[PDB]
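Below are the chains, spelled out letter by letter.
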Amino acid sequence: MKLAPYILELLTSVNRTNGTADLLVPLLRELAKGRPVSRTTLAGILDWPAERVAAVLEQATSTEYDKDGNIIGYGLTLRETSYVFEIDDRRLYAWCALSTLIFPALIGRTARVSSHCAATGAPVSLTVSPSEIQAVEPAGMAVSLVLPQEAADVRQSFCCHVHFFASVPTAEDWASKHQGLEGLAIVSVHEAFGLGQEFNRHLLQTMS
Ligand SMILES: [Br-]
Ligand SMILES: [Hg+2]
């Protein structure tokens, strides 16, 4: 299907203020270590004043902090979700199915992704590298997409509707009882991965 509207509105949704892209990649790479990330650590990696780091994050209202005020969630998260995202020996989580397909390229590492079909509960799993997916089980795994809304919190307007499914027929059946959800579409996990690659290329082309 035509994916330009999805790529466009997702880019808009994340690139609200400049610096977001520049801060995103290091933050994701730090979070992938499996520990909360401090604003000073980001400041040092970025060589920014910590005043700028918090400024960028304040715009990302979805951002999760822990009891110490450190960052534990931004696309990847240490707080449990339906999407398990493992790098090396660390178990992390992701906010949505598309996130699991996008972040391995941004962090430069291969992830073991697992979840459950949103319509049937069947376990699903696959290995996501920066360039390809492997061990897609079951092999006909699908993904739901919706059109991101620009001003809305991305996690509540997009992430919460973007799931894995056992198969495309299963997802479509599920989709038929989810009307009035703008842009709702079912794609193969392969097509969703390609969407993620297009998104990443556009996002990275906007860094310093
Ligand atoms: Br289009
Ligand atoms: Hg997402």
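As a reminder, the structure under discussion sits directly above these lines.
Residues numbered from 1 in each chain as written, not as in the entry; some residues may be left out. Chains lettered and ligands numbered in written order. Heavy atoms only, no water.

K.L.:
Give me the lowdown on the packing of helix α3 (residues 39-46) against helix α4 (residues 50-59), citing residues and values where you can.
P.N.:
Relative orientation of the contacting elements α3 and α4 amounts to 110°, with a least axis distance of 8 Å. In terms of axis orientation, α3 runs roughly perpendicular to α4. Crossing geometry of α3 relative to α4 is assigned as right-handed. Across from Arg39, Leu42 and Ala43 in α3, the residues of α4 making contact are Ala50, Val53, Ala54 and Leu57. The residue makeup of the contact of α3 with α4, split by class, is six nonpolar, no polar and one charged. (Axes fitted to C-alpha atoms, helices over the stretch in contact; angles between N-to-C directions. Helix = DSSP H or I, 4+ residues; strand = E, 2+ residues; numbered from the N terminus. Parallel < 35°, antiparallel > 145°, perpendicular 65-115°, else oblique. Left-handed = near helix turned anticlockwise from the far one by under 90°. Contact = heavy atoms within 4.5 Å. Nonpolar A, V, L, I, M, F, W, Y, C, P; charged D, E, K, R; others polar.)

K.L.:
If you had to explain the packing of aromatic side chains to someone new, which residues and values would you point to?
P.N.:
Centre distance and the angle of the planes are the two values used to describe a pair of aromatic rings. The tally for this structure, following the rule as stated, stands at two aromatic pairs. Ring centres of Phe165 and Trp174 lie 4.6 Å apart, and the angle between their planes is 55°; on these two criteria the pair is classed as tilted. Residue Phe165 is classed as buried on the basis of its relative accessible area of 0%. A cation over a ring is seen here: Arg52 above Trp48, with NZ or CZ 3.9 Å from the ring centre. (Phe/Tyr/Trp six-rings, centres within 6.5 Å; stacked < 30°, edge-to-face > 60°. Buried < 20%, exposed > 50% of the residue type's maximum accessible area, 1.4 Å probe, protein only. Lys NZ or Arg CZ within 6 Å of the ring centre and 35° of its normal.)

K.L.:
Run through the sheet that holds strand β9 (residues 142-145), naming residues and quoting values.
P.N.:
Ordered by their spatial adjacency, three strands build an open sheet running β10-β9-β11, and the pairing between neighbours is antiparallel. Every interior strand has two partners, whereas the edge strands, β10 (164-165) and β11 (185-188), have only one. In the sheet, β9 pairs with β10 via two bridges, with the strands oriented antiparallel. Following the sheet pairing, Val143 is matched in β10 by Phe164. (Pairing = 2+ DSSP bridges.)

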